[PDB]
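Residues per chain, in single letters:
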Amino acid sequence: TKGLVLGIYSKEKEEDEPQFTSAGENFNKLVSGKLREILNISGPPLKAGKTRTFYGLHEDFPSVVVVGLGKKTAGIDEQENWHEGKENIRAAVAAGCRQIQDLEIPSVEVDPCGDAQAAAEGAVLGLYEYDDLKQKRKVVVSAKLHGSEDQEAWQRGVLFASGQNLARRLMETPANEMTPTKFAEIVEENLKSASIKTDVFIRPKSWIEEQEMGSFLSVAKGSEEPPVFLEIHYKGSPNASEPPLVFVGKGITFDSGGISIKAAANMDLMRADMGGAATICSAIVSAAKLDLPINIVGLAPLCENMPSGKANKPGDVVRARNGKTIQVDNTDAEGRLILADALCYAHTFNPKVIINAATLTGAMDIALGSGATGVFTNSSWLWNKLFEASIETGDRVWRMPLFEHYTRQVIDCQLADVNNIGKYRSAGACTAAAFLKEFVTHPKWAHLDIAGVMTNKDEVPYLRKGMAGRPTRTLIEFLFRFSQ
Amino acid sequence: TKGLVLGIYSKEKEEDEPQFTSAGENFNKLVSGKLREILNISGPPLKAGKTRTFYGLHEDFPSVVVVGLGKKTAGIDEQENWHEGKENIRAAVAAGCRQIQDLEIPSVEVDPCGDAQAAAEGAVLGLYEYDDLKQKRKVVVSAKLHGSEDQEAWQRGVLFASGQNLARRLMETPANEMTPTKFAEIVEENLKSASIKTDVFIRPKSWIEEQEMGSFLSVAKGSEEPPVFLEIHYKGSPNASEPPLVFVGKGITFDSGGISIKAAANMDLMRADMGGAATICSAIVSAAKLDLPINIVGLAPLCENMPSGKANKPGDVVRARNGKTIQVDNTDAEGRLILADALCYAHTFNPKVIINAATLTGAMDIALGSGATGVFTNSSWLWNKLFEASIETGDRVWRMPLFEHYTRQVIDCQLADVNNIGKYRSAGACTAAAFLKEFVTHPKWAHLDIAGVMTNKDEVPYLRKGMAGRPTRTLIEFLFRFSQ
Amino acid sequence: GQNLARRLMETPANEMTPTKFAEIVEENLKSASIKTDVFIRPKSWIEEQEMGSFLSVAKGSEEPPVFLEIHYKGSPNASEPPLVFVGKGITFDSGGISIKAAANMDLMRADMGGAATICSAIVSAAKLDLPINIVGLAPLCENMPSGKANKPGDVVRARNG
Ligand SMILES: CC(C)C[C@H](N)P(=O)(O)O
Ligand SMILES: CC(C)C[C@H](N)P(=O)(O)O
Ligand SMILES: [Zn+2]
Ligand SMILES: [Zn+2]
Ligand SMILES: [Zn+2]
Ligand SMILES: [Zn+2]
Ligand SMILES: [Zn+2]
Ligand SMILES: [Zn+2]
Ligand SMILES: [Zn+2]
């Protein structure tokens, strides 16, 4: 069995009938108008994101799925902050591919729909499913471009989507399999497979100790699982001495909260508390695959946050790499503790920019949910580059404030230089960002709180229910544009 | 007796000693150098917002309070989105006036500190206290400009500050006194006092019924306190037919939650659930006092949300003025219910702009706290005007997303056209804003969720602990600039 | 028959009041067969019957309570003993003074499901022209908090004493 996905646009006012894409009309012409005739017989027009299946139209394609693409000239929607045409394509193609898979068809050719990269993204992201640990699995589908004219664009989409899917795999995998060491080894193999101009160092606890990363170590000690500090280098610039861009990611492989233990309900989702590490590392792997002409460094402190007879205790005071003391009032505000040391270490590379990502606060989820990643930055130039990249990818970002108003609430501390939780519950994501800022002196730093976009139910049409791997594509796009 | 407040700046690198303002140096000369001498003897220099008191320097001023103003040329802070110099002045003058009041002095003269409007704002906002119901009260202080050169600017500051204090009084007053009827009567007397070019309509229940405002009526019926729909007009434009700007404010005089009853802790603060109505009505009163050349209409639905044998019941379906049905899944999401009807009615005036304010969600507090008012708008032009105005006033605003992503979660409704609570618990402020949007078709609409700025502890230096009346001055400034 | 029960249960409580429920059941039963009788008993009858337990629940709300009594006389022998069906008809359950939590309280509009299922079954039995006598009983009211609602610890007297 071989399937075919074809697109059709919504009818414009002066048109007599809705228009097929170039590929759609070519196929219609090939079958002497039978595609149009059957679509007409089937009833109401196909709206954006909807699908309909026609059988036996051609010997090579027993199953043809037509998908609605919406308005043909849909461009950048100033109200939604994204390119609507691309989002329509990703949604439609994903829907069409899911139908092909339900029919248990192993291979499908996909209409480029006027934007091969967007089409490929919808197909690859849409078909993804983490099922390594199940006996019963859906049929494996091999999606390929229909035609031979937009090969580069199609493959670019496959590459961007594959980067996001690696992130999703890492996030979804249960914590007993996805340990700090396993995560580091998987990232290592993918980066090396991407380019030979790479270096990876899986730093052990002894190195972490030598580096005086006391804040990170305090979180790790409660668990029996060994911690590691992942450091990756991609040497893409023609000039070896060119200052690198540095990415930092929160790698808590499992967050139980520690002594300040979490409630039971849905705690399983905390296996994805290493999402910041997953997204930044995956973006670097993709940049390496594309061979972007830039130097990039990735840093990811990795460990578990568990309760035991040697775990962090509320009230304990720990010393960060930069000498600042931190009062650990709540052991479950552990992300900011491991990031304090990683951010400090990031300055040693004399980077052009420092960008960190973390599933940092439940407050961010209460704030924006899965609508957009929250971005706190001291550089409007940096905010604008991230914003522009998100418009292209559809994986949106939204700016959040970095004000002294919030800093004041974390430096007001009984025992130390800074407290790991604010004096109030208000503005949880903002006080968390203020805490991170006390460990940053760089002029171009951006903190991405991705807690709200950790998962997908049905919000992003082209992602099945599960860990989302967002905003991997936005980081890749940012890197591509920066390199140009 | 009379007190005196004088300013001094932080010393600049090239300067030999910190410099007094023009008024401070004049006073020093008047007392033959005794002020500089005593300040030197007293020790460490005065930093921004700090104060020090000197006695017996002059027969007419037994107590002189010197206040730190910070850097003289501090202008717009690109990281904080406000004019820092003005904020420094407001804080310093407020601290100085509080010291004079603690000394029980009834009159104080205030140094204009290079910006008489900011000085007056610091004095008038800083001294304010709602103490009508207390037997023991602080001395009533009469603040006046030291000198006469900048009297016009001083008077302007007193006006802006008085507008905010009216909002504070309305918000702070207990609900058994500040009923829908009382609120309307106070606004009425203040508006007529401000200008004869005004009209006030205190609409009774019978009018609300004739207007088919079923959503608003459903919230009010649970209580025995009569509801009113306050409608005010300010006819400032030279052209009577010039389209007006319309303001709408949530007026819940007390929110117990109704059948979906609230928890007891701090429920007393719900007496300020009419803050949206207070801020927009006070801004209009001030605009009228300023004699701005524009037409403005203010709309404020007012009622209590109480449990009883005839109160809204979860699952009930009500019909809004536009004919759209609403499923009331949670009776405590009452603000969006009353606003639905007010927003529909706002369109009948064929306005240029529609701006509503409301203490709408606890989620907004979790999102940004008291750092800034959240602004949801379909117009980037409108966002920029509000943002620019906020830089001047110091009472900050921060943009929040108005995406279909959030709309989808409120139109997914079991029984009606729209549900009063989202399908999920994430992004509460965003889903609430989406709900409001279903009752708006205007191209220039802005929704201000002021729940997080309802109160002040000590975040804003120049406001004592209590209801804040934010962001009244930002609305007044927006109106002033719009008229120019 | 099942869909009628679904409609009654799904309809919001501000529309599906004790009075409205009784009126819908009435029109459907009379439509089903002429061998029927419908009694929409008011509060005064409930009081005469000394139904103190039922009355204690209803008083907290301003919505009038009713005791719905329906008969289907299908047996050839008029004196044949009937089968009696009884259904709980709480049109909305807020819990009263022992108030419920907010989450999903909207579903309590279906707390009259017992009344809906037995009354609809009787309507259907009548449509089928079954040769039996049947009586349906449905006490209907809301359970709301107020200044005159049932108070924990209160003692009430049922019809049997
Ligand atoms: C819900 C989730 C994003 C919470 C963070 N892992 P925390 O417990 O470190 O705040
Ligand atoms: C805390 C406060 C802002 C809650 C609103 N009054 P709601 O109960 O109407 O959401
Ligand atoms: Zn995982
Ligand atoms: Zn945690
Ligand atoms: Zn965490
Ligand atoms: Zn009040
Ligand atoms: Zn409420
Ligand atoms: Zn409210
Ligand atoms: Zn019902």
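Residues numbered from 1 in each chain as written, not as in the entry; some residues may be left out. Chains lettered and ligands numbered in written order. Part of a larger assembly, values for the part shown. Heavy atoms only, no water.

Structure determination for this PDB entry was carried out by X-ray crystallography, with a resolution of 1.65 Å recorded in the header.

Trainee: How should the overall build of chain C be read in this particular structure?
Mentor: Secondary structure assignment for chain C yields five helices and five strands. Taken from N to C terminus, the helices and strands of chain C fall in the order α-α-β-α-α-β-β-β-α-β. Radius of gyration (C-alpha) of chain C: 16 Å, near the 15 Å computed for a compact globule of 161 residues. Viewed in the frame of its principal axes, chain C has a C-alpha envelope of about 50 × 35 × 20 Å. By residue count, 46% of the 161 residues in chain C fall in the buried class. Long-range pairs, those at least 24 residues apart, make up 78% of the contacts in chain C between residues at least 6 apart in sequence. (Helix = DSSP H or I, 4+ residues; strand = E, 2+ residues; numbered from the N terminus. Rg over C-alpha atoms; globule rule 2.2 N^0.38 Å. Buried < 20%, exposed > 50% of the residue type's maximum accessible area, 1.4 Å probe, protein only. Contact = heavy atoms within 4.5 Å.)

Trainee: So what exactly am I meant to see when it comes to the interface of chain C and chain B here?
Mentor: Think of interface size as the accessible area that goes away when the parts come together; that is how it is often given. The interface is formed by 18 residues belonging to chain C together with 16 residues belonging to chain B. For the pair chain C and chain B, the two sides together bury roughly 1400 Å², of which 65% comes from carbon and sulfur. For chain C, the biggest contributors to the area lost against chain B are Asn14, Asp106 and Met144 of chain C; these three give 31% of the whole. Put simply, chain C and chain B have zero salt bridges between them. The tally of links from chain C across to chain B stands at five residue pairs in polar contact. Considered class by class, the residues forming the side of chain C that touches chain B number eight nonpolar, five polar and five charged. (Buried area = accessible area lost by both parts, 1.4 Å probe. Salt bridge = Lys/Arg side-chain N within 4 Å of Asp/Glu carboxyl O. Polar contact = N/O pair within 3.5 Å; in protein donor to acceptor, adjacent residues only side chain to side chain. Nonpolar A, V, L, I, M, F, W, Y, C, P; charged D, E, K, R; others polar.)

Trainee: Just checking my understanding: could you explain the coordination of the zinc ion (ligand 6) for this structure?
Mentor: Between any two of four tetrahedral donors, the ideal angle at the metal is 109.5 degrees; between two of six octahedral donors, it is 90 or 180 degrees. Residues and elements named next belong to chain B. Protein coordination of the zinc ion (ligand 6) is provided by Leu170 (O), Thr173 (O) and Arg271 (O), with donor distances spanning 2.7 to 2.8 Å. Sequence spacing of the donor residues for the zinc ion (ligand 6), all on one chain, is L-x2-T-x97-R. Taken as a pair, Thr173 in the loop between α5 (151-172) and α6 (180-194) and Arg271 in the loop between β11 (251-255) and α9 (275-289) lie far apart in primary sequence, 98 residues in all. Under the relative-accessibility criterion, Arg271 is labelled buried at 16%. (Donors = N, O, S within 2.8 Å, 3.2 Å for Na, K, Ca; no water.)

Trainee: Mind showing me how you'd approach the pairing of strand β13 (residues 316-319) of chain A here?
Mentor: Side-chain direction in a regular strand flips from residue to residue, so the side chains alternate between the two faces of the sheet. All names here are of chain A. Alternating residues of β13 divide into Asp316 and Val318, all buried, and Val317 and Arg319, none buried. Sheet analysis places β13 next to strand β14 (residues 325-328), joined by four bridges and oriented antiparallel. Among the inter-strand pairings, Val317 is bridged to a residue of β14, identified as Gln327. The turn joining β13 and β14, which pair antiparallel and follow one another in sequence, is formed by five residues; a positive phi near 90° is taken by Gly323. (Pairing = 2+ DSSP bridges.)

Trainee: Is there a simple way to explain the packing of aromatic side chains in this structure?
Mentor: Two numbers describe a pair of aromatic rings. These are the distance of the centres and the angle of the planes. Applying the stated criterion to the full structure yields 26 aromatic pairs over all chains. Relative to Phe482 of chain B, the ring of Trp381 of chain B has its centre 6.2 Å away and its plane inclined at 80°; by these criteria the two rings are edge-to-face. Taken together, the positions of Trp381 of chain B in helix α12 (residues 380-393) and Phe482 of chain B in helix α15 (residues 472-483) put the pair 101 residues apart, joining distant regions of the chain. On the basis of an interplanar angle of 40° and a centroid distance of 5.4 Å, the ring pair of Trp45 of chain C and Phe67 of chain C is categorised as tilted. Taken together, the residues span a long stretch of sequence, with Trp45 of chain C in helix α3 (residues 43-48) and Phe67 of chain C in strand β2 (residues 66-73) at a distance of 22 residues. Residue classification places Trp45 of chain C among the buried positions, given a relative accessible area of 18%. Feature note: the residues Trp207, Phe216, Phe229, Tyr345 and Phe349 of chain A constitute an aromatic cluster, connected by ring pairs. It is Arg156 of chain B that lies over the ring of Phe480 of chain B; its NZ or CZ is 4.4 Å from the centre. A cation sits over an aromatic face here: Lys457 of chain B above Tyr424 of chain A, 4.6 Å from the ring centre. (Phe/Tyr/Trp six-rings, centres within 6.5 Å; stacked < 30°, edge-to-face > 60°. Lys NZ or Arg CZ within 6 Å of the ring centre and 35° of its normal.)

Trainee: How do you make sense of the site of ligand 2 when you look at a structure like this?
Mentor: All names here are of chain B. With respect to spatial proximity, the complete set of residues near ligand 2 consists of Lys250, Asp255, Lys262, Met270, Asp273, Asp332, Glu334, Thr359, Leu360 and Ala451. The contact in question runs from an oxygen atom of ligand 2 to an N or O atom on the side chain of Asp255, over 3.0 Å. Note that an oxygen atom of ligand 2 is positioned 2.9 Å from one of the side-chain N or O atoms of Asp332. In isolation ligand 2 exposes 320 Å². Once the protein is present, 81% of that is buried. (Near = heavy atom within 4 Å. Areas by Shrake-Rupley, 256 points an atom, 1.4 Å probe, with all protein chains shown as cover.)

Trainee: Which parts of the structure should I look at to understand the sheet that holds strand β18 (residues 418-419) of chain B?
Mentor: Backbone hydrogen bonds are what pair the strands of a sheet, in a parallel or an antiparallel way. Residue and element names in this part refer to chain B. In space, the three strands of this open sheet follow the order β13-β14-β18, with mixed pairing throughout. Only two strands of the sheet have a single partner each, and these edge strands are β13 (316-319) and β18. Strand direction decides the pairing type here: strand β14 (residues 325-328) and β18, joined by two bridges, are parallel. Following the sheet pairing, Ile326 is matched in β18 by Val418.

Trainee: Is there a simple way to explain the coordination of the zinc ion (ligand 5) in this structure?
Mentor: Residue and element names in this part refer to chain A. For the zinc ion (ligand 5), the protein coordination sphere consists of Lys250 (NZ), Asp255 (OD), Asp273 (OD) and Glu334 (OE), at 2.1 to 2.7 Å. Seen from the zinc ion (ligand 5), its six donor atoms lie at angles of 77 to 177°, and the figure they make is irregular. Spacing between the donor residues of the zinc ion (ligand 5) along the chain follows K-x4-D-x17-D-x60-E. (Tetrahedral: all angles 85-135°; square planar, octahedral: opposite > 155°, others 65-115°.)

Trainee: What should I look at first to understand the domain arrangement of chain A in this one?
Mentor: All names here are of chain A. Taken domain by domain, chain A holds domain 1 (1-165) and domain 2 (166-483). Once you take the C-alpha centre of each, domain 1 and domain 2 turn out to be 35 Å apart. Facing the 29 residues of domain 1 at the interface are 30 residues of domain 2. Buried area between domain 1 and domain 2, both sides added, is near 2700 Å², and the carbon and sulfur share of it is 55%. Across the contact surface, domain 1 and domain 2 share four salt bridges. (Domains from an automatic or database assignment.)

Trainee: Teacher, can you tell me more about the interface of chain A and chain B here?
Mentor: Contact residues are listed per partner, giving 34 residues for chain A and 34 residues for chain B. Among the residues of chain A in contact with chain B, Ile366, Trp398 and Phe403 of chain A are the three that bury the most area, contributing 22% of the side total. Here chain A and chain B share two salt bridges between them. Measuring nitrogen to oxygen at the nearest pair gives 2.8 Å for the salt bridge that ties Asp458 of chain B to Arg408 of chain A.

Trainee: Mind showing me how you'd approach the UniProt feature "binding site: Mg(2+)" in chain A here?
Mentor: Residues and elements named next belong to chain A. Within the UniProt annotation, "binding site: Mg(2+)" is assigned to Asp255, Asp332 and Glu334. On the basis of their most widely separated C-alpha atoms, the annotated residues across 80 residues gather in one place, lying no more than 8.5 Å apart. Its location among the elements puts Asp255 in strand β11 (residues 251-255). Judged by its relative accessible area of 3%, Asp255 falls in the buried class. Residue contacts for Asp255: discarding those within four places in its chain leaves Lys262, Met267, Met270, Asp273, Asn305, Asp332 and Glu334. A distance of 3.0 Å separates a polar atom in the side chain of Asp255 from the backbone nitrogen of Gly257. Relative to the helices and strands, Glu334 resides in the loop between β14 and α10 (335-346). Accessibility expressed as a relative area gives 0% for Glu334, which makes it buried. (UniProt positions renumbered as here; feature names shortened; annotations may be inferred.)

Trainee: Sorry if this is basic, but what is going on with the environment of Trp207 of chain A here?
Mentor: Residue and element names in this part refer to chain A. Here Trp207 shows up in helix α7 (residues 205-210). For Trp207, a relative accessible area of 13% puts it in the buried group. C-alpha separation for the pair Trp207 and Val228, spaced 21 residues apart in sequence, amounts to 8.8 Å.

Trainee: Explain the UniProt feature "binding site: Zn(2+) 2" in chain A here, please?
Mentor: Residue and element names in this part refer to chain A. Using the residue numbers shown here, the UniProt feature "binding site: Zn(2+) 2" corresponds to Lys250, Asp255, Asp273 and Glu334. Taking the farthest pair of C-alpha atoms as the criterion, the annotated set spanning 85 residues converges on one region, since that pair is 11.4 Å apart. Mapped onto the elements, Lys250 comes out in the loop between β10 (245-249) and β11. Looking at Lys250, its side chain comes within polar contact range of the side chain of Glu334, at 3.2 Å.

Trainee: Honestly, the side chain of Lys313 of chain B in this entry has me stumped. Any pointers?
Mentor: Along the chain, the position of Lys313 of chain B falls in the loop between β12 (295-305) and β13. A distance of 2.9 Å separates a polar atom in the side chain of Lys313 of chain B from a polar atom in the side chain of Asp316 of chain B. What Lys313 of chain B contacts, discounting residues up to four positions off in sequence, is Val328 and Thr331 of chain B together with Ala13, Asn14, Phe92, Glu142 and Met144 of chain C.

Trainee: Would you mind going over the site of ligand 1 with me for this structure?
Mentor: Residue and element names in this part refer to chain A. Around ligand 1, a shell composed of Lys250, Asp255, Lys262, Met270, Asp273, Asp332, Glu334, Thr359, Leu360 and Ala451 is seen. A distance of 2.7 Å is found between an oxygen atom of ligand 1 and a side-chain nitrogen or oxygen belonging to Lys262. Here an oxygen atom of ligand 1 and a backbone polar atom of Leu360 are 3.2 Å apart. When isolated, ligand 1 has an accessible area of 320 Å², and the protein chains bury 81% of it. The class makeup of the residues in the shell around ligand 1 is three nonpolar, one polar and six charged.

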